[PDB]
Structures are given as structure tokens and as C-alpha cells.
Amino acid sequence: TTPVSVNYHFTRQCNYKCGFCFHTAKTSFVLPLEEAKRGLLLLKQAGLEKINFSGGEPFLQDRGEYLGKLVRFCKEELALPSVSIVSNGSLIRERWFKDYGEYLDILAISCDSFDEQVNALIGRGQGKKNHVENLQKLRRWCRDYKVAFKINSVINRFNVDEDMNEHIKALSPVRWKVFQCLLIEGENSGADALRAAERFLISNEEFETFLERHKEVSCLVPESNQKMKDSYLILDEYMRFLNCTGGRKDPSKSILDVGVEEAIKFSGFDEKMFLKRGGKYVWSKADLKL
Ligand SMILES: O=c1ccn([C@@H]2O[C@H](COP(=O)(O)OP(=O)(O)OP(=O)(O)O)[C@@H](O)[C@H]2O)c(=O)[nH]1
Ligand SMILES: Nc1ncnc2c1ncn2[C@@H]1O[C@H](CSCC[C@H](N)C(=O)O)[C@@H](O)[C@H]1O
Ligand code: SF4
Ligand SMILES: [Cl-]
Ligand SMILES: [Cl-]
Ligand SMILES: [Cl-]
């Protein structure tokens, strides 16, 4: 397995409380910046092309400077073709675009609804911000600072009937990921879990109904449970690969300890599904037309 596109969930801290969250606040561990950089260098030497920073909420650590420093390191020192972030968007300041936006290819913001009552039912924030305007503000900063803009949506019991066509098109993203809500034992299912996602789940038939309602959106990339569950390379906050084939998130040894080749043998990665879901795409902003 070559680690072509890898997600690094460097923190499990978060400031939201989405009821379905499948990457919960189980620890407060974050690698020292120098150790994270060492692990990223190991990934580059093993063939990394795209890194996505995630969590947790990645902008939390050191008030966004930890993430910015890693973004700049990957782009300028490792020369990675693609550096992306998935974020809930609650803590992103324009000063961060000024300091680090040059080095970021893609900013994904998670947006599950354009209805305030639904976001309250989900747990996305506390309703203090105008969340539609906040999203538009982040989008226009991506325009100003030449970052490609992406949206991620989790389709669940409370938004499965929503029509998002005009809202998504008003944001003109390069990529709109539409995930079926996914159950993960030890995260949002079972006795050992901080969340209980069962009440959020929808059937495959309901998820496809949502997809068909949004056919007109050209940037839509759909991922049913089957397309999502084993189609990612996921590094946790210790830089261990998480294996999701067992319906849990079982960890390998750290790449910092045993190296990439040994650790990744236990990832459970299904590369055919990674390709089938559209995981490989034009992901360098210099090669896009923003
Ligand atoms: O079973 C899973 C699957 C996915 N995830 C996590 O959900 C998030 C999905 O978020 P994205 O699909 O946007 O990640 P990405 O940037 O790698 O996607 P591409 O645009 O490159 O196709 C990623 O951070 C992934 O690690 C899990 O935590 N568990
Ligand atoms: N149970 C679940 N099923 C499918 N996607 C989920 C999920 N729980 C969370 N996600 C999605 O996984 C991605 C990474 S979650 C952590 C990143 C950041 N805090 C954020 O919310 O964007 C987000 O797009 C989130 O909406
Ligand atoms: S899905 Fe929600 S609770 Fe989970 S890490 Fe992202 S913003 Fe936080
Ligand atoms: Cl190299
Ligand atoms: Cl809020
Ligand atoms: Cl799908």
C-alpha cells in the first residue's frame, strides 16, 4: 500500500457536539510539532501526494498556528502536491488566510444544513453565528486568498429531506462531498462511545433520494456507507493508522515507532474503493481554474 492520500486527525479536541460525530474527543494528546513534521516526512518518503488535516477541530490547536505551520511545512518544505483541511469553520480568521492561505490547496467546511433549527438538532454550534453568512464569508476569503473551496455534508435523519441545490450553488465549491451518516463502534456506537449515532442513520434508499434531488449540482461527490468505510488512510493523533474494516477504529503502531511500511499493513485500506469513490482528482490549486 502506497500512502497516496492520507488524513491526519492530529487532535481529537472539538468545540462542537454533532450528535453523529465519528471521531470523538477520546484523548487530549497532540504530537509535538517537530514530531508531527517527522511523521509527515516519513509519509512523503513513502509516496504521499495529498495530506488532509482533520480531527477533532483542527483550528483549535495553538489557536490555529499548529495547523498553519504544518500546512506551510507540507507545501514548502515537503513540496506536497496537495494540502487540504476539513474544518467546522467556527474558528477560522482572516489573519490565518493572510499567514498560511498561500500554502493551502483546499479548505473544506462541514455544512450539514442551511436551516438553523436543524443545525441545533444536530449540534453544529450553539446558534450564535449567522452560519450561512459565516460560510459565505469563508468562501469569499478563499476567493480573495486563492484557496479552493470545498463543502462536506453528512446526510442524516434530520436533513435527508432538505433541498440544498441553491445554497450549494451560491457557494460555487470545487467539490461537494455528500456522506451517508456512518456508524463506527467505539466512536458513535456501543457502550465505549462518547456519541450515539443510531437515531441519525438513514437507509440507503433514503440517501439515494437525497442524491437524486441534487443531481443538478456538478461538484457533488457521493459516499454511501460502503464507499466511505474503508476507502481512507486515517492517521490518529499518535500517527497510528486506524483500521475501520472491523466497524471500529483499531490502531496500528505509530509510524513514528515502526515506520510507514509496517504500520500501514494493518490499515485495512481498500484502494479499489478509494479510486471508485473519486479519491484521486485534480487536487493542486495551481492546476485548477479558481
Ligand atoms: O470511516 C471513516 C471515514 C472517513 N473518516 C474521516 O472523514 C473525513 C472525510 O472528509 P473528506 O472526504 O473531505 O476527506 P479528504 O480530504 O481525504 O477527501 P478528498 O476530497 O481527498 O476525496 C476524513 O477526515 C476521513 O479521515 C473517518 O474518520 N472515518
Ligand atoms: N458519523 C459520520 N458519518 C459521516 N461523516 C461524518 C460523521 N461524523 C462526522 N463526519 C464528517 O467527517 C468529516 C471530518 S470530522 C472532523 C473535522 C471537522 N471537525 C469537521 O467537522 O469538518 C466532517 O466533514 C464531518 O462532517
Ligand atoms: S463532526 Fe462535529 S463534533 Fe465531530 S469533530 Fe467535526 S465539528 Fe466536531
Ligand atoms: Cl520527496
Ligand atoms: Cl454558534
Ligand atoms: Cl454513493
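Both counts, for ligands and for their atoms, begin at 1 and track the order of listing. These numbers come from the heavy atoms of this one structure, side chains and all, not from hydrogens, waters or symmetry mates. Throughout, numbering of the chain's residues begins at 1 and tracks the sequence.
- Residue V221 does not touch ligand 1, judged by heavy-atom distances below 4.0 Å.
- The local environment of CZ in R140 is crowded, with over 12 non-hydrogen atoms from other residues, nucleotides or ligands closer than 6.0 Å.
- Atom 4 (C) of ligand 1 has as its closest protein heavy atom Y232 CD1, 3.6 Å.
- Within the set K150, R175, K177, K50, the minimum heavy-atom distance to atom 13 (O) of ligand 1 is found for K150.
- Taking any N or O of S5, backbone or side chain, none lies under 3.5 Å from an N or O belonging to ligand 1.
- Between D105 and the options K50, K75, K285, a salt bridge (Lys or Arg N to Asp or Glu O under 4.0 Å) holds for only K75.
- Only the side chain of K249 comes within 4.0 Å of ligand 1, judged by heavy-atom distances.
- Ligand 1 has no atom lying under 4.0 Å from any heavy atom of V6.
- Under the 6.0 Å cut-off for aromatic ring centres, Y103 and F73 do not qualify, their centroids lying 6.0 Å or more apart.
- The closest protein non-hydrogen atom to atom 5 (N) of ligand 1 is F22 CZ, 3.5 Å.
- Looking at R213 and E162, no side-chain N of the basic residue comes within less than 4.0 Å of a carboxylate O on the acidic one, giving no salt bridge.
- Counting heavy atoms under 4.0 Å from ligand 1, residue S54 touches it through the side chain alone.
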Distance-only donor-acceptor pairs under 3.5 Å for side chains of residues 272-279, two or more places apart:
unit_1, atom_1, unit_2, atom_2, d
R277, NE, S231, O, 3.4
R277, NE, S231, OG, 2.8
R277, NH2, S231, O, 2.8

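- Under 4.0 Å from ligand 1, not a single heavy atom of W283 appears.
- Only side-chain heavy atoms of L182 come within less than 4.0 Å of ligand 1; its backbone N, CA, C and O stay farther off.
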